[PDB]
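So the structure is just underneath, and the comments pick up after that.
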Amino acid sequence: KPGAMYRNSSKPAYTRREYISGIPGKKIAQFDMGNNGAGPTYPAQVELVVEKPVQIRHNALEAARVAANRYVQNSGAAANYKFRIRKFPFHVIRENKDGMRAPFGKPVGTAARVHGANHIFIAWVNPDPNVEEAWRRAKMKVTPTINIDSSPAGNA
Amino acid sequence: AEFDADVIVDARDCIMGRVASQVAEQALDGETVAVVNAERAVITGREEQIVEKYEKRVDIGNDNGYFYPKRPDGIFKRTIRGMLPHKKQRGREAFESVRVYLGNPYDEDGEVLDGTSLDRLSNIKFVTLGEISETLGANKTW
Amino acid sequence: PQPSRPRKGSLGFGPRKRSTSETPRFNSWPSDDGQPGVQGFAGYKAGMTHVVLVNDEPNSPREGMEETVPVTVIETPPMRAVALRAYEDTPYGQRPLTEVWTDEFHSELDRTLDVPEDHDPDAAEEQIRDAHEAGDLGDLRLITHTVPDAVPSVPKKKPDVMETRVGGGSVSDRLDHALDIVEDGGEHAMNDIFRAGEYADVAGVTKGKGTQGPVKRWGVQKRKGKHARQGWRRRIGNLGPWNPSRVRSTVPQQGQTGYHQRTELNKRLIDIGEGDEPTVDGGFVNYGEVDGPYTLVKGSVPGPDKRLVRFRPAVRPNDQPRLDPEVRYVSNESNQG
Amino acid sequence: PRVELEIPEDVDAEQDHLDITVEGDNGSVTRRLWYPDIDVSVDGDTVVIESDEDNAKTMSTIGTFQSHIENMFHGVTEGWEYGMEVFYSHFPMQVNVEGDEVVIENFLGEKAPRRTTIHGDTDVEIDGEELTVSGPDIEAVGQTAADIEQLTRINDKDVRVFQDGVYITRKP
Amino acid sequence: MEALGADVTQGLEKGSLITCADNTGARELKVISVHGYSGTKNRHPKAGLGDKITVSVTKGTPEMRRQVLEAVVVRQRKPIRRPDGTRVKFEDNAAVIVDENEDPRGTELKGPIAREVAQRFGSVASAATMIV
RNA sequence: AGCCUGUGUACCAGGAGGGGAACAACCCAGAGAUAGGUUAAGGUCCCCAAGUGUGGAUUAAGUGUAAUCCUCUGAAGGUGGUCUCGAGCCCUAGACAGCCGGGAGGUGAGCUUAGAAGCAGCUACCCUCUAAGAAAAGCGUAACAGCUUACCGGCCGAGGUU
RNA sequence: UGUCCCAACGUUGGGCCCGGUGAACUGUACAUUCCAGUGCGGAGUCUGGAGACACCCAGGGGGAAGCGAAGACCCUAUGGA
RNA sequence: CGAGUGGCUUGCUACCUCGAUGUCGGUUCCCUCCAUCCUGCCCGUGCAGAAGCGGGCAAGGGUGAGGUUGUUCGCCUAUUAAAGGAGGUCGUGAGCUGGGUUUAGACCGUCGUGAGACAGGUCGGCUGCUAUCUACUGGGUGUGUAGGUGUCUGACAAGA
RNA sequence: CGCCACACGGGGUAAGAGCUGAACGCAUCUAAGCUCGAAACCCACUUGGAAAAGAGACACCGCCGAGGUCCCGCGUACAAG
Ligand SMILES: [Cl-]
Ligand SMILES: [Cl-]
Ligand SMILES: [Cl-]
Ligand SMILES: [Cl-]
Ligand SMILES: [Cl-]
Ligand SMILES: [Cl-]
Ligand SMILES: [Cl-]
Ligand SMILES: [K+]
Ligand SMILES: [Mg+2]
Ligand SMILES: [Mg+2]
Ligand SMILES: [Mg+2]
Ligand SMILES: [Mg+2]
Ligand SMILES: [Mg+2]
Ligand SMILES: [Mg+2]
Ligand SMILES: [Mg+2]
Ligand SMILES: [Mg+2]
Ligand SMILES: [Mg+2]
Ligand SMILES: [Mg+2]
Ligand SMILES: [Mg+2]
Ligand SMILES: [Mg+2]
Ligand SMILES: [Mg+2]
Ligand SMILES: [Mg+2]
Ligand SMILES: [Mg+2]
Ligand SMILES: [Mg+2]
Ligand SMILES: [Mg+2]
Ligand SMILES: [Mg+2]
Ligand SMILES: [Mg+2]
Ligand SMILES: [Mg+2]
Ligand SMILES: [Mg+2]
Ligand SMILES: [Mg+2]
Ligand SMILES: [Mg+2]
Ligand SMILES: [Mg+2]
Ligand SMILES: [Mg+2]
Ligand code: NA
Ligand code: NA
Ligand code: NA
Ligand code: NA
Ligand code: NA
Ligand code: NA
Ligand code: NA
Ligand code: NA
Ligand code: NA
Ligand code: NA
Ligand code: NA
Ligand code: NA
Ligand code: NA
Ligand code: NA
Ligand code: NA
Ligand code: NA
Ligand code: NA
Ligand code: NA
Ligand code: NA
Ligand code: NA
Ligand code: NA
């Protein structure tokens with residue numbers, strides 16, 4: 001099903017698992033990538049910033065993350081960098097799959113609500129921004145237009 | 001043949017629409033106007049898109065009909081007609097007291113209306129009505 | 001699925017209405033190549049027979065062998081260029097400038113024209129030469145007419161008049177050539193313009209059939225099978241879709257059929273003679289006996305027997321001329337039986 | 001902006017309206033140099049290309065007019081020449097100059113002669129398996145050379161195997 | 001193909017039953033299609049003298065029956081015009097079974113054959129008894 | 001959804017007149033008759049009342065000349081098309097680019113391997129001449145040769161580069 | 001074997017013109033329309049354009065959501081049988 | 001995984017018509033769209049050639065005949081350059097057909113105590129109207145341009 | 001169902017192949033300029049066309065007479081006309 005159906009934040013927040021059952025598991029494999037043993041003790045820190053409030057299905061998160069981290073293997077399976085996707089798909093989403101009668105939909109998935117200007121991804125690298133490329137590929141699989149932002153890094 | 005024009009306008013190197021707009025205004029004021037050298041009148045823009053528009057007008061039509069002129073002669077006159085309420089008595093009277101000519105059948109040299117002249121030295125994107133008619137298939141009778 | 005299929009009849013010969021002149025009017029002329037000369041001639045249709053010819057085609061595996069060919073016999077007596085009309089180029093196309101007439105007129109040209117009793121040939125010629133000096137002279141044509149009285153099989157005496165262009169070397173040269181022909185008496189013949197073996201375009205008003213239905217007029221089908229017995233036999237299915245809610249002129253409908261002008265291209269002139277050699281025993285049905293100047297045209301020619309047909313050197317030939325084909329036999333067998 | 005081109009002692013360059021003509025011992029070339037607000041004029045010993053605008057599009061044409069004029073200076077003196085080489089693998093290609101167009105026969109065995117018409121006062125002198133296209137108008141010479149090579153263009157089959165044709169060997 | 005050197009009015013259609021003028025063991029042939037032919041809406045594909053048609057055997061030896069083969073029309077009842085204007089027509093409609101190379105599948109041809117068929121199918125002609 | 005169902009409010013319904021091409025609810029506006037005048041929304045090239053108004057800039061697509069909207073689409077993604085503003089670094093001790101010349105030896109390093117010589121793989125990557133020149137960045141060879149990057153010098157002359 | 005390919009010609013009665021006889025259906029008004037748009041979302045009539053000299057004869061029926069019938073389908077009625 | 005375009009399917013909605021806008025399929029006859037099946041001109045190729053595969057421009061023309069089925073669709077056969085798809089009230093019943101859906105008769109299966117029912121099958125089962133306006137195909141009478149004969153011009157219009 | 005006839009070639013383009021060429025000293029089919037290049041577009045060819053309201057042109061005849069309608073015999077024409 002197309003993102004057209006769920007990318008907008010026009011519906012009430014729907015996240016109370018005590019009143020919602022049958023919620024599909026998330027497809028997001030990990031949130032901490034790279035050298036998670038080490039702490040952000042890197043020279044450069046780039047972030048992928050969302051430029052519009054939107055809902056991002058756990059579907060897109062996984063594909064976006066994979067496409068970025070799977071690529072960050074331009075540095076190697078045990079390369080020196082740490083990757084972080086800071087958002088989690090809390091918003092439960094429905095579908096009315098009778099016509100408009102008793103239409104309250106059944107749970108079909110989950111999505112994460114991101115407000116314009118928040119960073120969804122944050123990578124930590126030594127002067128070796130292959131990460132800037134890992135993100136050109138990442139904002140490629142999420143609905144919004146995005147800003148690739150570098151923070152600690154005056155090594156231009 | 002023989003047209004007592006109170007005003008003889010020279011369209012050579014002038015913006016068709018800006019001339020037409022003035023010739024319209026004047027004919028509705030009771031003036032008899034003659035536009036000379038229509039083939040040398042000009043319209044700004046990208047020749048390719050300009051020609052597409054006029055070509056589309058030629059192709060448009062059906063049994064009821066959409067007679068669109070191909071000669072620089074009529075193109076210009078039809079242009080003026082669009083600036084006149086030609087179906088009203090007053091409008092038709094004005095329109096009928098205006099005639100466009102290929103070249104200049106008069107002795108006098110027409111006058112150049114203000115703000116209608118195009119400077120060829122500072123403009124490259126424009127076309128000649130004559131060129132348009134040639135593209136449309138007209139018979140270069142000028 | 002509804003299989004595709006070409007529309008019924010051509011949309012290029014309309015409107016299918018009655019022709020304005022029974023005498024054809026060419027709307028095109030050959031190019032000014034060779035020497036100055038009149039670019040056309042006329043005659044009256046008589047009928048058909050066949051002739052045996054020697055394969056003239058250099059590319060035919062049969063070149064040199066006998067060959068039966070259909071021919072339409074057209075009586076082509078001498079005509080008379082009674083005047084030279086001159087056109088001038090203007091911002092509105094060509095327009096007649098003036099005309100140079102003669103004094104020698106065929107006894108019965110006054111059955112059609114108000115023959116000139118007072119004309120100034122020179123003034124006309126002057127005006128034309130001045131025009132030419134100024135370079136405004138458009139092509140040059142001759143006012144021509146036929147002499148039906150020379151053709152017994154044809155009832156009319158009233159001559160048919162038509163303008164035929166003159167194409168030639170230079171404008172000055174052919175202008176002179178024109179005047180020369182006219183001044184004499186304008187008397188000219190098929191020989192002077194065409195040579196047997198050349199290709200000509202023949203124009204003419206087809207045989208009239210009055211009003212006819214879509215089936216005959218446009219080639220639409222007849223109702224088929226069970227549909228043919230319901231009350232509809234020769235009527236089309238419909239006059240069009242719901243929308244556009246109007247009948248389009250492109251739908252095949254009843255109307256005048258026949259009696260239209262047609263210019264049939266590339267007709268080979270098999271022979272140009274004189275006499276009764278081509279006439280059929282008993283006489284050409286509904287026509288009569290031929291015994292005078294004639295032209296044999298390969299194949300068919302538009303129009304019925306007795307109608308005036310016009311000749312013009314082909315304007316778009318496909319083959320090269322193969323002059324004077326050998327005719328080994330001309331059938332004179334009766335056309336009755 | 002304004003650029004000044006000192007014309008060579010060997011040459012004379014005149015210009016009325018938007019047309020410039022350059023004459024030298026080798027010939028004469030006339031070109032139209034028309035662009036919004038760019039004036040080209042002959043100031044005695046130097047040709048001047050100037051304009052009151054400096055936008056990218058204007059500078060582009062100014063630079064173009066310059067090389068166009070210098071190219072003319074060169075064409076009326078030293079001249080322009082392109083060198084070509086006819087080549088064939090099985091069928092002896094015959095390249096001849098007949099009239100104002102170069103004709104090529106028996107290309108890849110073809111019965112129908114391939115041809116092209118020469119541009120302007122361009123000389124196409126052919127000697128054996130070598131061709132020399134020359135003239136004072138670089139535009140004309142360049143095209144004539146090109147057209148010759150294009151004339152043997154093949155799309156139907158693999159060019160790597162069917163390499164027959166005439167090619168530009170030396171560019172001026 | 002090569003000019004037949006004669007004008008033909010196809011006298012056969014898809015579905016027509018014709019005689020097999022050879023000794024292949026097939027007596028009756030049913031026309032199925034005409035080589036290189038394309039008609040028009042509602043028109044029955046037509047075939048006549050000199051055409052190569054696809055066919056099925058309706059009558060004959062068990063082994064030959066039902067087989068879909070190729071053949072060439074050698075005779076037809078409907079007239080044809082020769083260069084000299086004369087018309088020529090036969091007593092029946094007949095075809096001879098042919099192979100990929102156009103060589104008669106059989107050894108002998110039964111009955112006469114039109115000369116025009118020679119200018120197209122040599123081996124078929126050079127196997128003819130009578131060629132009119 | 002020109003959907004369904006709440007809520008507050010103004011409007012249509014039952015609201016004219018002005019504008020919006022037309023158009024219940026969008027804008028101005030709430031209206032006795034008649035008359036003069038000035039504005040509102042909106043508009044001032046013609047159709048069409050009033051500007052072919054002024055200072056300046058952008059756009060070359062006829063973009064556009066489309067407040068609102070079922071109604072006027074145009075998106076993610078991309079752009080050495082073009083204009084403007086900033087920051088860093090290099091440059092008349094001559095920068096960037098191009099063209100010309102130089103790109104040297106110990107030495108074809110050692111190792112492995114018949115082989116390997118800048119360039120299959122492994123290790124190392126040293127010092128000489130010098131104004132330059134890798135234990136070789138890319139091609140190429142069976143391996144060589146050959147062709148070039150790095151690096152230096154010249155010609156040139158003004159900004160260049162990120 | 002004309003059902004078809006694929007239609008043709010002919011015969012008789014009409015049709016067409018003339019004398020005589022002489023209805024009906026239907027009609028808010030206006031009405032020479034066409035292309036688009038708009039509008040209760042399926043306009044000859046609103047808007048913008050285009051086309052358009054009037055009247056008359058014959059034709060085959062594209063449109064007037066053509067004429068004909070207060071929808072038989074479906075639902076509703078504290079209806080009927 | 002993400003962003004869209006179309007309005008052919010299906011679904012949703014209930015705005016329009018219940019003082020009726022005649023159904024499906026077919027047929028006949030006309031116009032159109034391009035997201036191109038063939039044809040023209042091209043690019044790439046895992047392009048030797050031949051035969052292909054994929055892509056670009058492009059709607060001029062073509063895209064046919066048959067066997068089963070009411071079928072649309074689809075399956076199948078032989079031909080073919082190819083036998084493309086779609087819109088026009090799912091174009092077309094004041095044009096045709098009436099095989100199917102869906103009246104009243106009847107049978108079978110299933111369900112029901114029964115009347116009788118079925119998103120099951122089956123046999124039979126009707127097609128009204130003289131055109132006022134408009135539209136177009138063709139044919140006339142007048143008026144305007146402003147006496148007559150004859151010959152032309154060509155704004156534009158149609159064609160594959 | 002029979003028979004005859006129904007181009008080519010110019011011009012301008014698309015996709016594409018290139019030339020000269022700068023922004024950017026080089027390079028570059030493009031930005032200005034140019035050479036080519038589709039069954040497509042325009043012309044060519046066929047048909048209609050003085051009601052084209054700028055309602056046309058030419059030649060001759062005629063304004064007390066040119067010409068035309070009616071009439072009569074007929075059709076290369078035709079449902080009336
Ligand atoms: Cl039209
Ligand atoms: Cl008006
Ligand atoms: Cl410009
Ligand atoms: Cl039918
Ligand atoms: Cl078939
Ligand atoms: Cl109030
Ligand atoms: Cl525009
Ligand atoms: K209803
Ligand atoms: Mg019936
Ligand atoms: Mg006879
Ligand atoms: Mg006989
Ligand atoms: Mg090949
Ligand atoms: Mg059929
Ligand atoms: Mg109310
Ligand atoms: Mg005003
Ligand atoms: Mg626009
Ligand atoms: Mg908006
Ligand atoms: Mg209107
Ligand atoms: Mg009711
Ligand atoms: Mg009921
Ligand atoms: Mg009851
Ligand atoms: Mg109806
Ligand atoms: Mg396309
Ligand atoms: Mg078409
Ligand atoms: Mg329908
Ligand atoms: Mg249909
Ligand atoms: Mg109907
Ligand atoms: Mg009905
Ligand atoms: Mg009826
Ligand atoms: Mg039935
Ligand atoms: Mg049944
Ligand atoms: Mg039944
Ligand atoms: Mg009047
Ligand atoms: Na329900
Ligand atoms: Na995105
Ligand atoms: Na303009
Ligand atoms: Na038009
Ligand atoms: Na009936
Ligand atoms: Na009947
Ligand atoms: Na209908
Ligand atoms: Na109110
Ligand atoms: Na309004
Ligand atoms: Na626009
Ligand atoms: Na019959
Ligand atoms: Na109707
Ligand atoms: Na109703
Ligand atoms: Na139907
Ligand atoms: Na097409
Ligand atoms: Na079938
Ligand atoms: Na309908
Ligand atoms: Na019916
Ligand atoms: Na039907
Ligand atoms: Na062309
Ligand atoms: Na007139």
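All values below were derived from every heavy atom in this structure, side-chain atoms included, with hydrogens, water molecules and symmetry-related copies excluded. In what follows, chains are A, B, ... by sequence order, proteins preceding strands, each numbered from 1.
Pairing status of H:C129 against G:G66: a Watson-Crick or G-U wobble pair, both distances under 3.5 Å. A Watson-Crick or G-U wobble pair links G:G49 with G:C34, each of its two atom distances being under 3.5 Å. The bases I:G18 and I:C34 are paired, Watson-Crick or G-U wobble, with both atom distances under 3.5 Å. A canonical Watson-Crick or G-U wobble pair links H:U45 to H:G52, with each of its two hydrogen-bond distances shorter than 3.5 Å. For the criterion of Watson-Crick or G-U wobble pairing, both bonds shorter than 3.5 Å, the nucleotides H:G19 and H:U63 do not count as partners. For the criterion of Watson-Crick or G-U wobble pairing, both bonds shorter than 3.5 Å, the nucleotides G:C35 and G:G48 count as partners. The bases of H:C136 and G:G37 do not line up as a Watson-Crick or G-U pair with both contact lengths under 3.5 Å. Pairing check for F:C4 against F:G36: the Watson-Crick or wobble criterion is not satisfied at the 3.5 Å limit. Between H:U39 and H:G60, a Watson-Crick or G-U wobble pair is formed, both defining distances falling under 3.5 Å.
When heavy atoms are screened at a 4.0 angstrom cut-off, D:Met59 is found touching the sugar-phosphate backbone but no base atom. Residue C:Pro214 is classed as having no contact, given no heavy-atom separation below 4.0 Å to the nucleic acid. Looking at heavy-atom distances under 4.0 Å, C:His227 makes contact with a base. At a threshold of 4.0 angstrom between heavy atoms, the contacts of E:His35 are confined to the sugar-phosphate backbone, with no base atom among them.
A sub-4.0 Å separation between OP1 or OP2 of H:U153 and a side-chain N or O of C:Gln94 is absent. Within the structure, every side-chain polar atom (N or O) of D:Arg153 is placed at least 4.0 Å from both OP1 and OP2 of I:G37. For F:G77, the OP1/OP2 oxygens have a side-chain nitrogen or oxygen of A:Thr145 closer than 4.0 Å. Taking only side-chain nitrogens and oxygens, C:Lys224 comes nearer than 4.0 Å to OP1 or OP2 of G:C5. A sub-4.0 Å separation between OP1 or OP2 of H:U137 and a side-chain N or O of C:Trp218 is absent.
In this structure, C:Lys207 places its NZ atom where only 12 or fewer heavy-atom neighbours from other residues, nucleotides or ligands lie under 6.0 Å away.
Of all nucleotides listed (I:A17, I:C61, I:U20), I:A17 comes nearest to the side chain of D:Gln150. Of the candidates H:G95, I:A23, H:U13, the closest approach to any side-chain atom of D:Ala56 belongs to I:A23. With distances taken from any side-chain atom of C:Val247 to the nucleotides H:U80, H:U151, G:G62, the minimum falls on G:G62.
South puckering is assigned to the sugar ring of I:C64, since its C1'-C2'-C3'-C4' angle is below zero.
Mapping C:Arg141 and C:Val220 onto RNA chain H by nearest heavy atom places C:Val220 at the nucleotide closer to the 5' end. With RNA chain I read from its 5' end, the first of the two nearest nucleotides for C:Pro155 and D:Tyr82 is the one closest to D:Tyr82.
Within residues 9-21 of chain C, the residues approached by RNA chain H to less than 4.0 Å at the level of any non-hydrogen atom are C:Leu11, C:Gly12, C:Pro15, C:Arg16, C:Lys17, C:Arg18, in residue-number order. Residues from residues 297-308 of chain C that place a heavy atom under 4.0 Å from any atom of RNA chain I, listed by number: C:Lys298, C:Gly299, C:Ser300, C:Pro304, C:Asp305, C:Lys306, C:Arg307. The stretch residues 234-244 of chain C touches RNA chain H through C:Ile236, C:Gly237, C:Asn238, C:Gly240, C:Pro241, C:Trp242, C:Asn243, each having a heavy atom under 4.0 angstrom from the strand.
Separating the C1' atom of F:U71 from that of G:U38 is a span of 9 Å, rounded to the nearest Å. With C1' as the reference atom, H:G138 and H:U103 are 47 Å apart, rounded to whole Å. For F:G108 and F:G146, the P atoms lie 13 Å apart once the distance is rounded to whole Å. Spacing of P atoms, H:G49 relative to H:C43, comes out at 14 Å, to the nearest Å. For the P atom pair drawn from H:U9 and H:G26, the interatomic distance equals 15 Å after rounding to whole Å. A distance of about 7 Å separates the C1' atoms of F:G102 and F:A132, rounded to the whole Å.
Remark: B:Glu25 pairs with B:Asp29 by the side-chain contact (heavy atoms from CB on, under 4.5 Å) rule, at least two apart or across chains. For C:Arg268, the salt bridge (charged side-chain N to carboxylate O under 4.0 Å, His left out) test picks out C:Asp56, with sequence neighbours left out. With sequence neighbours left out, D:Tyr35 forms a ring-ring contact (aromatic ring centres under 6.0 Å, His included) with no residue at all. In this view, A:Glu62 and A:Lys27, A:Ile28, A:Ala29, A:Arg65, A:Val66 satisfy the side-chain contact (heavy atoms from CB on, under 4.5 Å) rule, not counting sequence neighbours. Every residue two or more places apart in sequence or in another chain that forms a salt bridge (charged side-chain N to carboxylate O under 4.0 Å, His left out) with C:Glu99 is listed here: C:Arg85. The salt bridge (charged side-chain N to carboxylate O under 4.0 Å, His left out) search around C:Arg248 returns none, not counting sequence neighbours. Take D:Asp137 and apply the salt bridge (charged side-chain N to carboxylate O under 4.0 Å, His left out) test, not counting sequence neighbours, and it matches no residue.
Between the side chains of C:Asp201 and C:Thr263, not a single donor N or O lies within less than 3.5 Å of an accepting N or O.
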- Reading nucleotides 56-65 of chain F 5' to 3', which nucleotides get B (base under 4.0 Å from a protein heavy atom), which S (sugar-phosphate only), which -? ----SSB---
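With a 6.0 Å cutoff to the six-membered ring centre and a 45° limit on the axis angle, B:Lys77 counts as a cation-pi contact of B:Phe95.
Judged by ring-centre distance under 5.5 Å and interplanar angle under 30°, strand neighbours H:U72 and H:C73 are stacked.
For the atom pair C:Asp160 CG and C:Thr144 OG1, the distance stands at 12.0 Å (nearest 0.5 Å).
One can place CG of C:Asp201 at 13 Å from P of I:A5, the figure rounded to the nearest angstrom.
Counting only residues at least two apart or in different chains, salt bridge (charged side-chain N to carboxylate O under 4.0 Å, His left out) contacts with residues 35-48 of chain E are absent.
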